[PDB]
Amino acid sequence: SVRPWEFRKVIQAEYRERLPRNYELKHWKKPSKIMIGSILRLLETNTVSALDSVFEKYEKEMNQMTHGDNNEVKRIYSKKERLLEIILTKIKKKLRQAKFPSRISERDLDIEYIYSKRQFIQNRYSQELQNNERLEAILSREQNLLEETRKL
Amino acid sequence: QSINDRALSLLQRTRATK
Amino acid sequence: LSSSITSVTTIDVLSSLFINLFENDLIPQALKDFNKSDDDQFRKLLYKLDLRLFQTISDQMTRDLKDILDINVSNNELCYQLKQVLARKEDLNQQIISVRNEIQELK
């Protein structure tokens with residue numbers, strides 16, 4: 001019964017299929033603009049990429065069906081662009097209207113965020129490892145001193 | 001190949017859009 | 001892995017949402033049109049373009065959401081490793097203090 005365009009329903013069913021019944025699936029919230037924006041930017045990126053991909057692949061068939069009229073080809077490109085934007089517009093409308101568990105971190109869907117977090121945590125890890133290396137050396141020095149002192 | 005490589009490639013492609 | 005499991009799941013839910021939309025709706029409808037268009041060779045080609053366009057977008061969406069999932073899962077592990085190194089740091093500091101105190105009293 002659930003149709004692919006009913007995003008609110010699909011999303012709630014998918015969560016329920018994947019995770020046990022517990023508190024996390026009890027409060028629900030509409031998504032943030034950056035979640036919507038991140039997802040639509042992914043969709044737009046791939047839509048432009050697909051358009052170029054596909055039109056280049058079928059260039060000869062295209063040019064042979066338009067009898068060399070490259071203006072008509074640009075027109076067909078624009079028609080397909082318009083079809084995809086109308087689709088993406090409904091995707092955005094239905095996603096804005098869907099709900100997600102409130103404990104999720106929607107910024108996890110933003111490549112800018114998770115990329116900048118990863119660079120920082122990698123650097124922080126390297127700094128702390130070196131600090132522990134140094135503390136291990138200091139501790140060793142002190143433990144040697146204690147062993148000598150225990151023997152007077 | 002790497003996760004960082006893949007991450008940077010996605011970041012670049014999304015920034016090049018709009 | 002429980003603090004992040006609902007956020008990781010969100011990425012999979014979205015990936016499944018768009019596979020369902022493209023593979024179980026947009027692409028079947030474009031096929032239904034393309035199979036029906038043997039009289040108009042132009043519209044046959046254009047429906048084929050729709051087919052390829054939806055399949056390309058859907059496959060690439062899945063790959064990019066898997067990228068995002070892999071980054072998050074890897075980041076979460078690194079964050080937990082950072083917690084362990086910081087726990088060890090605090091312990092090394094305390095042990096250094098205790099050993100110094102011991103030297104001070106035995107000296």
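Order of the sequence lines sets the chain letters (A, B, ...), proteins ahead of strands, with each chain counted from 1. Keep in mind that the numbers below use all heavy atoms, side chains included, and drop hydrogens, waters and symmetry copies.
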What part of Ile111(A) lies closer than 4.5 angstrom to a heavy atom of chain C: side chain, backbone, both or neither? side chain
Residue pairs passing the salt bridge (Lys or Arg N to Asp or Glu O under 4.0 Å) test with at least one member in residues 126-145 of chain A, sequence neighbours excluded, are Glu128(A)-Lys89(C), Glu142(A)-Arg100(C)
Does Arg107(A) have any salt bridge (charged side-chain N to carboxylate O under 4.0 Å, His left out) partners at least two apart in sequence or in another chain, and if so, which? none
With a 3.5 Å cut-off and no angle check, do the side chains of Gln55(C) and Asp59(C) form a donor-acceptor pair? yes
In terms of the angle between their ring planes, are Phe22(C) and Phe18(C) parallel, tilted or perpendicular, with boundaries placed at 30° and 60°? tilted
What residue in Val10(A), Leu95(A), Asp108(A) has the most heavy-atom pairs under 4.5 Å with chain C? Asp108(A)
Residue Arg18(A) versus chain C: region with a heavy atom under 4.5 Å: side chain
Under 3.5 Å donor-acceptor, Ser15(C) side chain and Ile11(C) backbone: no
Name the member of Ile114(A), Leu129(A), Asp110(A), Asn131(A) that forms the most heavy-atom pairs with chain C at distances under 4.5 Å. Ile114(A)
Main chain of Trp28(A), side chain of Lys99(A): is a donor-acceptor contact present, judged purely on distance under 3.5 Å? no
So, does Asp25(C) use its side chain to make a donor-acceptor pair with the main chain of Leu21(C) at under 3.5 Å? no
Which portion of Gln41(C) sits near chain A, non-hydrogen atoms under 4.5 angstrom: both
For chain A, which of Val8(C), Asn24(C), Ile5(C), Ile71(C) has the most heavy-atom pairs under 4.5 Å? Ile71(C)
Would you mind checking which part of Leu46(C) comes under 4.5 Å of any heavy atom in chain A, side chain (CB onward), backbone (N, CA, C, O), both or neither? both
Which residues in residues 73-81 of chain C have any heavy atom lying under 4.5 Å from a heavy atom of chain A? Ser74(C), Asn75(C), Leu78(C), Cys79(C), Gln81(C)
Hey, does the side chain of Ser37(C) reach the backbone of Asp33(C) with a donor-acceptor pair shorter than 3.5 angstrom? yes
Checking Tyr47(C) now: which residues fulfil side-chain hydrogen bond (donor to acceptor under 3.5 Å, both in side chains) with it, not counting sequence neighbours? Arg43(C)
